[PDB]
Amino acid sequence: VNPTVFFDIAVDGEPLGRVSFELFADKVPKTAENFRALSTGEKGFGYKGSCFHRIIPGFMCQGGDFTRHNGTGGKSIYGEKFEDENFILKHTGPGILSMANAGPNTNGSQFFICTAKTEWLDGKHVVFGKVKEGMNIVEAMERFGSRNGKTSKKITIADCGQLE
């Protein structure tokens, strides 16, 4: 039974709304479990309080750097990085949740949510979840982005956790 997690998103501190995600533990359990644990904060660190640092309309919203808060950091629950678990799942369209990386076997905590199909990322980024509720929140985040991804307001994960 795949776990569900939520982000409550804020924009310059004002509430925007909740996005929830199904995590495909049935296909990518190690990668799903990393995102789950980081969403609950149960290791003493995680996504709460961190920003979506890169938003590119037409493509994706990227976030998850809770260690440096500048887009360069993050870490997994397994160590700073972990290997690509599999590439079974594809970037098929809006709402796909997939790991950011800096090349093979460099998954940390950064992730991205597709707002379109991004098939050229297939086989390079591990897909491990999908938006379940609140895709309209992700759509509304897009207008705070730009061509190179710089955001015009601070888009933050004000709260996050696991739904029962």
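For every residue, the number given is its place in the sequence shown, counted from 1.
- Set 107-115 against 34-42 and average the Cα temperature factors; 34-42 ends up higher.
- Judged by mean Cα B factor in the deposited record, 7-15 ranks above the other of 7-15 and 144-152.
- Across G49, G64, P57, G129, the greatest Cα temperature factor reported in the deposited entry is at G49.
- Annotation for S98: C-alpha temperature factor in the lowest third relative to the rest of the modelled chain, per the entry.
- Among all modelled residues in its chain, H69 ranks in the highest third by Cα B-factor.
- Sorting the modelled residues of the chain by their CA temperature factor places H125 in the lowest third.
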